[PDB]
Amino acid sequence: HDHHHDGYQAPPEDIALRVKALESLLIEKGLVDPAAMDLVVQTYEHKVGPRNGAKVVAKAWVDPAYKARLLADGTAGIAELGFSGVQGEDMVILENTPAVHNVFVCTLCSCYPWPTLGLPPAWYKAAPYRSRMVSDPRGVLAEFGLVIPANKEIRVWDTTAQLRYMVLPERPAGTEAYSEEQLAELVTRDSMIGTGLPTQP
């Protein structure tokens, strides 16, 4: 019962060698620049991640004017906080309401809002989540410890085009006059994908 196709299975024993060989070849031909590649890695290891989206959500929670702007134009909205670029060029923000619960997926591959959430986790890119999310949202969500009220509508957004989606979670109850910073700590990656809820105080 090892992992096989859920994204966490073991890579081939020689994978590192194959990668090292291609890299050397590409550098040798002058197609890639090692120094520039290190900067790319650093950017997604240390600079771009869910903390970005968290700041976006937190700000929308406390600032109604910003929220309105964000929902009208996601790209400009997230830019106000200095977030933008690859895989986030055309953002659409999905507002969770008492009537609607949003969650997104890329059934066709792995499309995901890089600038605000960083690179996707292995499970988001794998068959189990992608295959089932569009047919049985509740079944999948239950595996994440999240049960949606039966009367509450679930909206699954499939990222088939060049639009990129991020979920604006509902603000947890009992968080009055919380600072933007304290509110941001409640916003998990899952809560912004739609596969979870913000932490409750």
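Don't overthink the numbering: it's just position in the shown sequence, from 1.
Relative to its counterpart among 143 to 151 and 23 to 31, 143 to 151 has the higher mean temperature factor, C-alpha atoms as listed in the PDB entry.
The deposited model assigns a higher average Cα B-factor to 170 to 178 than to the other stretch when 170 to 178 and 152 to 160 are compared. Among the modelled residues of its chain, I193 has a C-alpha B-factor that falls in the lowest third according to the deposited record.
Per-chain ranking of the deposited C-alpha B factor places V57 in the middle third. In the PDB entry, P115 places in the middle third of its chain by CA B-factor. In this PDB entry, the Cα temperature factor of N102 sits in the bottom third of its chain's modelled residues, the lowest group. Residue-level temperature factors show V134 in the lowest third of its chain, judged at the C-alpha atom.
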